[PDB]
Amino acid sequence: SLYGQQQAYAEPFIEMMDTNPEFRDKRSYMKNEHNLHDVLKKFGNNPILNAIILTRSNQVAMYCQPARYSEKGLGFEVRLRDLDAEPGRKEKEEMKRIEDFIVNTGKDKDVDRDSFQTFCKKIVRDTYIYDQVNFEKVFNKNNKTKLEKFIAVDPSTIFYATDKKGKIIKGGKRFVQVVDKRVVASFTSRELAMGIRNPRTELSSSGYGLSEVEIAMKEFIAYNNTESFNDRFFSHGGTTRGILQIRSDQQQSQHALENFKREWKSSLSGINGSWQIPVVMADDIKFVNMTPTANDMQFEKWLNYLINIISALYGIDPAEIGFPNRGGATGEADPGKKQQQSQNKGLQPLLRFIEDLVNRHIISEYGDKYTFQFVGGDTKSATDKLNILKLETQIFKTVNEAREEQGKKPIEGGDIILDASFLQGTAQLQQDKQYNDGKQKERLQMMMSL
Amino acid sequence: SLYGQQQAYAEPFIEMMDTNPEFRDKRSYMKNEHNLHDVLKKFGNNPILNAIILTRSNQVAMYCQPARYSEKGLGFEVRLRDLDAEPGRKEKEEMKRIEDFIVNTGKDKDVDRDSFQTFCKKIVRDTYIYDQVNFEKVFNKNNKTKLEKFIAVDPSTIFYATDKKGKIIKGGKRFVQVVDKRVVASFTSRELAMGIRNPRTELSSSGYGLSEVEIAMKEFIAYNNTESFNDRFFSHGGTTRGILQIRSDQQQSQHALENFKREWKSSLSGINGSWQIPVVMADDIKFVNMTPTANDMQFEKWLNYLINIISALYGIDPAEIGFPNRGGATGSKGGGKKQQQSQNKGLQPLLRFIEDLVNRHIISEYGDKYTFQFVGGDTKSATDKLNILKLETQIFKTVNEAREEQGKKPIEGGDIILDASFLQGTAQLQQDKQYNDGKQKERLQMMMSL
C-alpha cells in the first residue's frame with residue numbers, strides 16, 4: 001500500500017509492465033514516455049525557467065538565517081508550539097541546539113557540508129524543475145536514534161520501490177536509488193524524505209508529482225522555436241536589401257564586372273565614399289527591394305502570450321521578470337500594496353512547503369512540543385514599544401513593574417499606576433483609614449470608660 | 001431510494017440500459033457518452049485548467065495549519081458550536097485531539113500518510129476536474145466505531161451501486177469501486193463520503209455532479225485548435241517570404257544555378273555579407289511577396305474571449321491568470337476592496353464546501369457539540385486589544401480585574417474604575433457614611449439621655 005492498509009485500491013489494480021519489478025517507472029501523463037525526468041532535465045537550462053528559479057531562491061535565501069541572531073528580526077526561529085507555555089531552562093538550550101544544528105545542516109560544523117542556505121536553494125530548484133524533493137537523513141552509526149546530517153539528493157535518481165507483486169513497499173525499503181537502470185542504494189521512509197507540491201489522486205500517478213514543465217511543454221517548444229526563428233535572420237538568413245539590376249544588350253564579361261566592382265569600392269565604400277553619388281549610363285537601371293526597409297523582431301505578442309501563460313502556471317508576475325503583464329491592472333490586515341499581493345502569492349506557499357518538510361522530517365526527531373517556522377519582521381520600534389508600554393502603565397503596570405521588565409531597581413514611590421484618578425483613589429483610601437482609626441479609637445475609649 | 005422513502009420518483013422510472021446492472025453509469029448531459037470521466041481525464045493536463053487548479057489549491061493550502069498555533073490567527077480551528085458556551089476541562093482536550101487528528105490526517109503521526117495539505121490539494125483538483133470528491137473513512141479493526149484514518153480516493157473509480165431492480169441502494173453498500181469494469185470494493189455511507197458542488201434536480205442526473213469542463217468543452221476544443229493553428233506556422237508552415245523570379249529565353253541548367261548559389265552564399269550570406277548588394281544583369285528580375293512583411297499571432301481576441309468565458313464559469317478573474325479582462329474591463333471598483341472582493345469571490349465557495357464536507361463526515365463522529373471552521377486572521381494586535389481594554393477599564397474594569405486577567409497580583413488602591421466621576425461618587429458615598437454614622441450615634445446618645 002502507498003499510505004497504509006485500506007480497502008479502496010490506491011494503485012493500478014493490474015500490474016502495468018514496468019521495465020523492472022523493483023521500482024515504479026515515472027510515466028508521463030499520457031504514458032507516451034517512461035523516463036519523464038530525463039526529458040525534463042533537458043529544460044533545466046531554459047532562460048525563463050532559470051530566471052524564475054533564481055528570483056524565487058534569492059527571495060527565499062533571506063529567511064534562512066535565524067531571526068534570533070538577526071537584529072532586524074527577519075529570518076526563522078524554532079519555538080515551542082503552545083503560545084501559553086513558558087520554556088524551561090533545558091528547553092531553551094535544546095531549542096538553541098536545534099537551531100544551531102539546522103544552521104550547520106548537521107551536528108558538527110563542517111565547511112564541506114551545505115549550509116541551510118545552499119540546501120534551500122537546491123530544493124527550490126528541484127521543486128521547480130522536477131516537482132520532487134528528496135533529502136537523506138543520516139543517523140549516527142553508534143546510535144541509530146541520533147541524527148548527524150541531512151543532505152539533499154538528486155531527485156531524478158529516487159524511485160518508489162515496488163514488491164514483486166507490483167505493490168509499493170511500505171514499512172521496508174520504500175525507496176531505491178537507481179543509476180544506469182540498476183539499484184545502487186535503498187532507503188526506508190525513516191532514511192529518506194520525499195516532498196511533492198502537486199499531488200494527484202489518479203491511480204496511475206502512483207504518488208508522483210506533476211511538473212509545470214510537463215504541462216507547459218508545448219509553450220516551451222513554441223518559445224524555443226520563436227527564439228530560433230528570430231535569431232536565424234543573422235545566423236542563417238539573407239539580409240540582402242535588394243538586387244541592383246543593370247541591363248544592356250549583353251551581360252558584361254566577368255573581368256569587366258570585377259573592375260567595375262573595383263571602381264565602385266574605390267569610389268563609394270565606407271565613410272570615405274559615404275556621400276558621393278555614382279553616375280552610370282547603362283541603358284536601364286532598376287533596384288528590386290527584397291526586404292522591408294526597417295527590420296525588427298517578429299511575433300513579440302506571441303512571446304508575451306506564451307510567457308504570461310508560463311508565469312501564470314508558476315504563479316509569478318511577468319512584470320517582475322521583465323515582461324508585460326497581459327491585462328495589467330494589478331489586484332490583508334496590513335495596509336499593503338498591490339505588488340505585495342504578487343509577492344505573497346509567490347512566496348508563502350513555497351515557504352510553507354519547506355516548513356512542512358522540516359517539521360515532518362527533522363524536528364519530529366525532537367518530538368511534537370517544538371515547531372519550526374519562518375518569521376517576518378515586526379513594526380515594533382522603540383517609539384511603538386514605548387507607546388504600548390505607555391498604555392500598559394495606565395492599564396496594568398506600576399512604574400516598578402516596568403522597571404523590573406527593564407531590570408531596573410524598584411523605587412520607593414513606585415508600585416503606582418500613573419493616573420491621577422488612581423491617586424484620587426489612594427487619597428480617598430488614606431482618608432478612609434484615618435477616619436476609621438479615629439472611630440475605632442473613640443469606640444475603644446468609650447468601651448474602656450463603660 | 002436515492003435520499004429516502006418518498007412518493008415522488010427521484011430516479012429514471014424505466015431502468016436505462018446501464019452497461020452494468022450493479023452501478024449507475026455517469027452519462028453525459030445529452031447521453032451522447034457513457035464514459036464521461038474517461039473523456040474529462042484527457043483534459044487534466046490542460047494548461048489553463050491546471051493554472052486555475054494550482055492557484056486555487058495554493059490559496060487553500062495556507063489555511064491547512066491550525067490557527068491555534070499561528071500567531072497571525074490564520075488557519076483552521078475546531079470549536080464548540082455555541083459561541084455562548086464555555087468549554088469544560090475535558091472538552092478543551094477533546095478539541096485539541098480532534099485538531100491533531102485532522103492535522104495528521106489520522107490518529108497517529110506517520111510520515112507515510114498524506115498531510116491535510118496534500119489531502120486538500122487533492123480534493124481541490126478533484127472538484128475542478130470531475131466535480132466529484134470521495135474519501136474513504138477507515139475504522140479501527142478491533143472497534144468498528146473508532147475512526148483511525150481518512151484517505152482521498154480517485155473519483156473516477158467511484159460509482160453509485162444499484163440493486164438488481166435498478167434502484168440505487170440505500171442503507172446498505174451504497175457505493176462500489178470499479179476498476180477495469182469489475183467491482184473491486186464496496187462501501188456504506190458510513191465508509192465513503194461523496195461531495196458534489198453542482199447538483200441537479202434532473203432525474204437522469206442520477207445524483208452525479210456537473211463539471212464545468214463538460215459545459216465549456218467546446219471552448220476548450222476551440223482553444224486547442226487556435227493554439228495548434230498559431231504553432232503550426234513554425235512546426236509545419238511555409239515561412240518563405242517570396243520567390244525571386246529571374247527570367248531569360250530559357251531556364252538555366254541545374255549546374256549553372258548551383259554555382260550561382262555558390263557565388264551568392266559566398267558573397268552575401270550572414271553578417272560577413274550583410275550590407276553588400278549583388279549586381280545581376282538578367283533580362284528581367286521580379287520578387288513575388290507571399291507573406292506579410294510583419295508576422296504575428298492571429299485570433300488573439302478569440303483567445304481572450306474563450307478564456308474570459310472559462311474564467312467566468314470557474315469564477316476567477318482572467319487577470320489573476322495572466323489574461324486581459326473584458327468582464328470588468330478596467331477591473332472593478334466599489335463595494336483594498338478590489339483585492340478583497342476578487343479573492344473572496346474565488347475562494348470562499350470552495351472553502352465553505354470543504355468545511356461542510358469535514359463537518360458532515362469527520363466531526364459528526366464526535367457529535368454536534370463541536371464545529372470545524374477555517375478562520376482568517378484578525379486585527380487584534382496589542383494596540384487594538386489595549387484600546388479595547390482602555391475603554392473597558394473606563395466602563396467596566398477596575399485596575400485589579402485587569403491585573404488579574406494578566407495574572408498580576410491585585411494592588412491596594414485598585415478595585416476602582418479609572419474615571420474621575422466614579423471616584424467623585426465614592427468620595428460622596430464616604431461622606432454619606434460618615435454623616436449616617438454621626439446621625440445614628442447622636443440619635444442613640446440623645447435617646448439614652450432622654
# chains A, B, ... in the order shown; residues from 1 in each chain; ligands from 1
call {"tool": "interface_residues", "arguments": {"of": "chain B", "to": "chain A", "cutoff": "6 Å", "atoms": "only C-alpha atoms", "output": "VMD selection string"}}
result
chain B and resid 45 47 51 112 to 113 122 154 269 to 270 274 278 to 281 296 to 297 321 to 324 339 403 413 418 420
call {"tool": "select_by_dssp", "arguments": {"residues": "stretch 103-343 of chain B", "states": "helix (DSSP H, G or I)", "output": "number ranges by chain"}}
result
B: 103-104, 116-130, 155-157, 203-205, 212-215, 217-235, 254-268, 300-314, 318-321, 337-343
call {"tool": "residues_around", "arguments": {"residues": "stretch 65-73 of chain B", "least_positions_apart": "4", "cutoff": "8 Å", "atoms": "only C-alpha atoms", "output": "list in words"}}
result
residues 81, 82 and 83 of chain A; 77, 99, 103, 375, 376, 377 and 378 of chain B
call {"tool": "residues_around", "arguments": {"residues": "residue B:23", "least_positions_apart": "4", "cutoff": "6 Å", "atoms": "only C-alpha atoms", "output": "ChimeraX atom specification"}}
result
/B:160-162
call {"tool": "atom_distance", "arguments": {"atom1": "atom CA of residue B:306", "atom2": "atom CA of residue B:349"}}
result
23.5 Å
call {"tool": "closest_atom_pairs", "arguments": {"of": "stretch 109-166 of chain A", "to": "stretch 39-49 of chain A", "cutoff": "9 Å", "atoms": "only C-alpha atoms", "output": "CSV"}}
result
residue,atom,partner,partner_atom,distance
A:128,CA,A:49,CA,8.1
A:129,CA,A:44,CA,6.6
A:130,CA,A:40,CA,7.2
A:156,CA,A:41,CA,8.5
call {"tool": "atom_distance", "arguments": {"atom1": "atom CA of residue B:106", "atom2": "atom CA of residue B:150"}}
result
6.6 Å
